[PDB]
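Structure first, commentary second.
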Amino acid sequence: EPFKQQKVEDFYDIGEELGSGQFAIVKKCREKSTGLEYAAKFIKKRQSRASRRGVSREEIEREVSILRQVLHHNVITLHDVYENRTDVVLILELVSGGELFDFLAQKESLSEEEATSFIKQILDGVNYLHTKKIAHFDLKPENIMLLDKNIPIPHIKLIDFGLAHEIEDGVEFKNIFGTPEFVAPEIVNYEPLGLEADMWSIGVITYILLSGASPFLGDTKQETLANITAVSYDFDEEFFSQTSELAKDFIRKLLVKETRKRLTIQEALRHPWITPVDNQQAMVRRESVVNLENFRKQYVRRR
Amino acid sequence: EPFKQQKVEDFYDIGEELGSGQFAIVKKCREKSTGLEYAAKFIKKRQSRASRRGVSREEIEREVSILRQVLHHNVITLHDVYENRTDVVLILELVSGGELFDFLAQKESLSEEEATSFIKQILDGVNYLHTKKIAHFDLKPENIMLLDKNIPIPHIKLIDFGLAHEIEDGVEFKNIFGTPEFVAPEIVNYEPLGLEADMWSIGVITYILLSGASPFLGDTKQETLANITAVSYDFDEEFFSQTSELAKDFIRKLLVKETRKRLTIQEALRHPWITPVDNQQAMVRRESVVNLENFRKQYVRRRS
């Protein structure tokens, strides 16, 4: 249901480089007819199967197909799609506010109430996807972006659907991918996959946001994978001394091997840490603080 | 048992770039004291754990540790190891004859006998490693190099020990890594690992050498992995019509899920396709022919 076969330079003014990854190169641009600004993600095509360099026809078509389905305020949106010999270039919504974790590291101070405000935006985006039977499959702090950095409470935008995949019911889908720090046990063990995996990733992102520490990350990839498979973590009191039991329960109910016993997105929204029932839960959440001292320490180390 | 802490440029004249990967950049260089030529692999260090960019202290130390054990004509050899704020640089034997598969694609013609000549060199290298309880863990056509391209029968050198690991006996090793096209089922399934894995790789490498095709490679990674785990392949007669049964038996005994029932390096070397026992096995091997037609076709598609 296809791609524009024109030259993207005819219709857009490409300029500054925004941030290249391993397979794509993102650049700011400007539609000519309107003057509006977008991002332009130049994905590099593959050549024949098993060129290490590039991305396959099938997997670009998949990402573009999912992007078209996806209309939500907490999820990036696709404007147009061109292609040529070398690249397929996507004209995406310009999200120029930086990472979430970046903005949070700037923070003078940050309570668990303020923290859940950002978590909730994420849960809303992920709820929209999961309602449309889509699994992002690459939930991590790099892919959690801000539209405008200079707002009191900025607007989260989930990005990068390179690993996303529609889930059907009778159909199985097994594959190994992602960043080891943030993958569920079913990825590592090459077990059937679904929407559940995103809920694991959320439990991890939460853990790092509050404490600055990461639950399963070892010295080496080897260890990391052994930790995930064994579900070996703990709330080390050095970082989690100012963290609520509500917050810890949320994380603990997400970081669960059995996919069926793990929280759904609908259950995570209804969890009391995200949606307090009484006043005393609301106040515990207001008086609990994110560990920004240790969160800055670890976020600096990622550069 | 450490790294030189001096500036590598003081002692070596670095020059032309030779072939950067993702974590390392390799450059031709020249020892100043001797005038001799080496390859200098500049490995980029990590910063703190999970920087996607870099290589960890522990994993550089392991590569260097395995490199210092490794003395064989069919295996690259480590000369020196400097380091600095940014990189650990290894001074490795210069291997400048290109990949094996590249040389073979230049071939006028190539019989199974001539092919096993190169396969033997590979098995000899691998045997040496496996005798020293080392697993390469990254056997593939890119890491099978030639020393001098312009010789009738060139000299194979296994390279890149970035994934290599010493296998003990009681000790278990489980990890996920490598190139999907060439990993054994135990990698994919996160099952305990050892020397066997390399042998599966050799089976895949042989398969491609002979036919130009690849046994498990699918359209997407998803399919490739399913194919490995299911051990789903076949000898499509379009590519294997001029391939001997001996050749097909060797491959078939290596591409086996069960690690115990798979061929060991010693069993591979003794296999009749490698080591005939009568004259008629020898003749079948001379008269059977590598499919350079299809081999070139695919090897071209892997380019730039």
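Numbers in chain A track Swiss-Prot; the residues on display, in order, are 12-314.
Structure determined by X-ray crystallography, 3.0 Å.
Each residue, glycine too, has its Cβ placed from N, Cα and C.
For the annotation phosphoserine, the record in Swiss-Prot points to A:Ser299 among the listed residues A:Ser76, A:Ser212, A:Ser243, A:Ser299. Within A:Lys15, A:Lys18, A:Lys52, the residue that Swiss-Prot lists together with A:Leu29, A:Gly30, A:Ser31, A:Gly32, A:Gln33, A:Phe34, A:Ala35, A:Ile36, A:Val37 for binding ATP is A:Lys52. Here Swiss-Prot gives region 'Autoinhibitory domain' for one range in the set A:92-101, A:132-141, A:202-211, A:292-301: that range is A:292-301.
Outside the region 'Autoinhibitory domain' (A:292-301) by six or more residues, the chain places 115, 120-127, 220-221, 253-255, 257-258, 283-284 with a CB less than 8 A from a CB of the stretch. The separation of A:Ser299 (phosphoserine) from A:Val37 (ATP binding site), Cα to Cα, is 39 Å.
The sparsest Cβ neighbourhood within 10 Å, among the listed binding-site residues (A:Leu29, A:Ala35, A:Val37), is found at A:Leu29. Sequence-distant neighbours of A:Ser299 (phosphoserine) (same chain, 6+ residues apart, CB-CB distance under 8 A): A:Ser122, A:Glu123, A:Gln253, A:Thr254, A:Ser255, A:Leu257, A:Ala258. Residue pair A:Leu29 (ATP binding site) / A:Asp149 (active site, proton acceptor) shows a Cα separation of 20 Å. In three-state terms derived from DSSP, A:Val37 (ATP binding site) belongs to an extended strand segment. Per DSSP, the region 'Autoinhibitory domain' (A:292-301) is made up of 7 helix, 1 strand, 2 coil.
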